[PDB]
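S.K.: work_33.cif is reproduced in full below (mmCIF, C-alpha atoms; chains and numbers go by the auth columns).
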data_structure
loop_
_atom_site.group_PDB
_atom_site.id
_atom_site.type_symbol
_atom_site.label_atom_id
_atom_site.label_comp_id
_atom_site.label_asym_id
_atom_site.label_seq_id
_atom_site.Cartn_x
_atom_site.Cartn_y
_atom_site.Cartn_z
_atom_site.B_iso_or_equiv
_atom_site.auth_seq_id
_atom_site.auth_asym_id
ATOM 1 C CA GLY A 1 0.000 0.000 0.000 0.00 1003 U
ATOM 2 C CA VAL A 2 2.972 2.395 0.421 0.00 1004 U
ATOM 3 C CA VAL A 3 4.340 1.705 -3.238 0.00 1005 U
ATOM 4 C CA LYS A 4 1.093 2.289 -5.116 0.00 1006 U
ATOM 5 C CA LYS A 5 1.474 5.751 -3.789 0.00 1007 U
ATOM 6 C CA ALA A 6 5.022 6.165 -5.374 0.00 1008 U
ATOM 7 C CA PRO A 7 4.018 6.513 -9.159 0.00 1009 U
ATOM 8 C CA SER A 8 1.141 8.618 -8.396 0.00 1010 U
ATOM 9 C CA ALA A 9 3.465 10.755 -6.433 0.00 1011 U
ATOM 10 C CA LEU A 10 5.867 10.894 -9.340 0.00 1012 U
ATOM 11 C CA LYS A 11 2.957 11.580 -11.705 0.00 1013 U
ATOM 12 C CA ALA A 12 1.962 14.170 -9.332 0.00 1014 U
ATOM 13 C CA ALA A 13 5.555 15.425 -9.276 0.00 1015 U
ATOM 14 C CA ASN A 14 5.459 15.899 -13.091 0.00 1016 U
ATOM 15 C CA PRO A 15 2.161 17.648 -13.772 0.00 1017 U
ATOM 16 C CA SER A 16 3.214 17.686 -17.456 0.00 1018 U
ATOM 17 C CA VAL A 17 2.128 14.177 -18.079 0.00 1019 U
ATOM 18 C CA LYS A 18 -1.489 14.779 -18.842 0.00 1020 U
ATOM 19 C CA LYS A 19 -2.823 12.222 -16.441 0.00 1021 U
ATOM 20 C CA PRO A 20 -3.537 9.562 -18.817 0.00 1022 U
ATOM 21 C CA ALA A 21 -7.210 9.666 -18.490 0.00 1023 U
ATOM 22 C CA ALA A 22 -6.795 6.722 -16.205 0.00 1024 U
ATOM 23 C CA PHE A 23 -9.933 5.523 -16.427 0.00 1025 U
ATOM 24 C CA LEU A 24 -9.203 4.739 -12.687 0.00 1026 U
ATOM 25 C CA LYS A 25 -12.538 3.092 -11.850 0.00 1027 U
ATOM 26 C CA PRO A 26 -12.193 3.732 -7.768 0.00 1028 U
ATOM 27 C CA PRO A 27 -10.653 0.605 -6.064 0.00 1029 U
ATOM 28 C CA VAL A 28 -13.699 -1.663 -5.663 0.00 1030 U
ATOM 29 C CA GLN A 29 -13.850 -1.595 -1.636 0.00 1031 U
ATOM 30 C CA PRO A 30 -11.989 -4.770 -0.201 0.00 1032 U
ATOM 31 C CA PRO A 31 -14.803 -7.419 0.002 0.00 1033 U
ATOM 32 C CA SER A 32 -16.144 -6.802 3.654 0.00 1034 U
ATOM 33 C CA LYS A 33 -14.530 -9.593 6.121 0.00 1035 U
ATOM 34 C CA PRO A 34 -16.053 -12.808 5.207 0.00 1036 U
ATOM 35 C CA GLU A 35 -18.457 -12.648 8.166 0.00 1037 U
ATOM 36 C CA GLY A 36 -17.992 -16.493 8.497 0.00 1038 U
ATOM 37 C CA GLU A 37 -18.133 -16.915 12.170 0.00 1039 U
ATOM 38 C CA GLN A 38 -15.688 -19.702 12.777 0.00 1040 U
ATOM 39 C CA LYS A 39 -18.037 -21.221 15.299 0.00 1041 U
ATOM 40 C CA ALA A 40 -15.268 -22.837 17.117 0.00 1042 U
ATOM 41 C CA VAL A 41 -16.912 -26.264 17.563 0.00 1043 U
ATOM 42 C CA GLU A 42 -16.342 -26.449 21.281 0.00 1044 U
ATOM 43 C CA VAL A 43 -15.922 -30.282 21.398 0.00 1045 U
ATOM 44 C CA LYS A 44 -17.472 -30.315 25.030 0.00 1046 U
ATOM 45 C CA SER A 45 -15.992 -33.676 26.106 0.00 1047 U
ATOM 46 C CA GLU A 46 -19.004 -34.245 28.459 0.00 1048 U
ATOM 47 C CA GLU A 47 -17.206 -36.541 30.859 0.00 1049 U
ATOM 48 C CA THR A 48 -20.248 -38.702 31.378 0.00 1050 U
ATOM 49 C CA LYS A 49 -19.488 -39.368 35.085 0.00 1051 U
ATOM 50 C CA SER A 50 -20.438 -43.064 34.781 0.00 1052 U
ATOM 51 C CA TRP B 1 -24.206 -76.311 53.748 0.00 1349 Q
ATOM 52 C CA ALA B 2 -25.263 -78.348 50.603 0.00 1350 Q
ATOM 53 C CA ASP B 3 -29.030 -77.421 50.528 0.00 1351 Q
ATOM 54 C CA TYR B 4 -28.184 -74.570 48.084 0.00 1352 Q
ATOM 55 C CA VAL B 5 -27.621 -76.373 44.676 0.00 1353 Q
ATOM 56 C CA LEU B 6 -31.085 -75.545 43.195 0.00 1354 Q
ATOM 57 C CA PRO B 7 -30.864 -71.784 44.074 0.00 1355 Q
ATOM 58 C CA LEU B 8 -27.176 -71.758 42.832 0.00 1356 Q
ATOM 59 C CA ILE B 9 -28.604 -72.779 39.390 0.00 1357 Q
ATOM 60 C CA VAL B 10 -30.966 -69.736 39.668 0.00 1358 Q
ATOM 61 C CA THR B 11 -28.450 -67.246 41.193 0.00 1359 Q
ATOM 62 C CA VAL B 12 -25.336 -67.837 39.146 0.00 1360 Q
ATOM 63 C CA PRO B 13 -26.996 -67.089 35.805 0.00 1361 Q
ATOM 64 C CA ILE B 14 -28.634 -63.977 37.212 0.00 1362 Q
ATOM 65 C CA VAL B 15 -25.365 -62.490 38.513 0.00 1363 Q
ATOM 66 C CA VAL B 16 -23.709 -63.346 35.211 0.00 1364 Q
ATOM 67 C CA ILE B 17 -26.508 -61.604 33.428 0.00 1365 Q
ATOM 68 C CA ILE B 18 -26.276 -58.522 35.631 0.00 1366 Q
ATOM 69 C CA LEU B 19 -22.503 -58.407 35.401 0.00 1367 Q
ATOM 70 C CA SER B 20 -22.657 -58.945 31.610 0.00 1368 Q
ATOM 71 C CA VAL B 21 -25.255 -56.185 31.162 0.00 1369 Q
ATOM 72 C CA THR B 22 -23.203 -53.779 33.302 0.00 1370 Q
ATOM 73 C CA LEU B 23 -20.062 -54.660 31.382 0.00 1371 Q
ATOM 74 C CA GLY B 24 -21.998 -54.068 28.197 0.00 1372 Q
ATOM 75 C CA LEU B 25 -23.233 -50.695 29.301 0.00 1373 Q
ATOM 76 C CA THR B 26 -19.841 -49.642 30.688 0.00 1374 Q
ATOM 77 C CA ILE B 27 -18.089 -50.416 27.449 0.00 1375 Q
ATOM 78 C CA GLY B 28 -20.931 -49.596 25.185 0.00 1376 Q
ATOM 79 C CA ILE B 29 -21.732 -46.135 26.488 0.00 1377 Q
ATOM 80 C CA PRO B 30 -18.185 -44.714 26.100 0.00 1378 Q
ATOM 81 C CA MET B 31 -17.641 -46.406 22.690 0.00 1379 Q
ATOM 82 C CA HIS B 32 -20.607 -44.381 21.356 0.00 1380 Q
ATOM 83 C CA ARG B 33 -19.202 -41.223 22.926 0.00 1381 Q
ATOM 84 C CA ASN B 34 -15.730 -41.951 21.468 0.00 1382 Q
ATOM 85 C CA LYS B 35 -17.139 -42.311 18.093 0.00 1383 Q
ATOM 86 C CA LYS B 36 -18.908 -39.041 18.339 0.00 1384 Q
ATOM 87 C CA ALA B 37 -15.807 -37.305 19.671 0.00 1385 Q
ATOM 88 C CA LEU B 38 -13.685 -38.744 16.931 0.00 1386 Q
ATOM 89 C CA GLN B 39 -16.127 -37.580 14.315 0.00 1387 Q
ATOM 90 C CA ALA B 40 -16.373 -34.169 15.821 0.00 1388 Q
ATOM 91 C CA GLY B 41 -12.620 -33.918 16.042 0.00 1389 Q
ATOM 92 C CA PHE B 42 -12.250 -34.810 12.368 0.00 1390 Q
ATOM 93 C CA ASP B 43 -14.945 -32.538 11.393 0.00 1391 Q
ATOM 94 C CA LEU B 44 -13.255 -29.728 13.221 0.00 1392 Q
ATOM 95 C CA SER B 45 -9.867 -30.673 11.631 0.00 1393 Q
ATOM 96 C CA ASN B 46 -11.462 -30.490 8.233 0.00 1394 Q
ATOM 97 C CA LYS B 47 -12.964 -27.114 9.006 0.00 1395 Q
ATOM 98 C CA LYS B 48 -9.688 -25.723 10.269 0.00 1396 Q
#
Go ahead and render the structure in this file as structure tokens.
M.R.:
Amino acid sequence: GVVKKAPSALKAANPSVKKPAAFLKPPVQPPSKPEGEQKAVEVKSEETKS
Amino acid sequence: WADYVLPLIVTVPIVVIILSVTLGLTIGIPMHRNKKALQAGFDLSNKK
């Protein structure tokens, strides 16, 4: 994430390169945390006290 | 002593039956639980 900012900074440092009309469609938002609840299957060894 | 032969024929098989049933339950009940635990453990391993 710190290198993607280096060309843009260079592009930004040379304003004479007419921003290639990057057609930069905005970074599609990291898919939201697979909300898959690892329900830790607590294997409750119920020690049936015979 | 010696009067007891006819009740010994009744009593011996009954004790054997009780002891056999108890042995069956004592071995049988945990074997079912072990199976379930093993399955659960493998299931969890697979999930992990």
S.K.: Residues picked by the PyMOL selection byres ((chain U) within 8 of (chain Q)) here, as a CSV table (one decimal) with C-alpha atoms, keeping the file's coordinate frame?
M.R.:
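Result saved to out-v8.csv:
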chain,number,residue,atom,x,y,z
U,1043,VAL,CA,-16.9,-26.3,17.6
U,1045,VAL,CA,-15.9,-30.3,21.4
U,1047,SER,CA,-16.0,-33.7,26.1
U,1052,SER,CA,-20.4,-43.1,34.8
S.K.: Any idea what the distance is between CA of residue 1048 in chain U and CA of residue 1376 in chain Q?
M.R.: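 Going from CA of residue 1048 in chain U over to CA of residue 1376 in chain Q covers 15.8 Å.
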S.K.: Just to confirm, what's the straight-line distance from CA of residue 1041 in chain U to CA of residue 1394 in chain Q in Å (one decimal)?
M.R.: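 Taking CA of residue 1041 in chain U and CA of residue 1394 in chain Q, their separation equals 13.4 Å.
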S.K.: Between CA of residue 1014 in chain U and CA of residue 1027 in chain U, what is the distance, to one decimal in Å?
M.R.: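 Here the two named atoms are 18.4 Å from each other.
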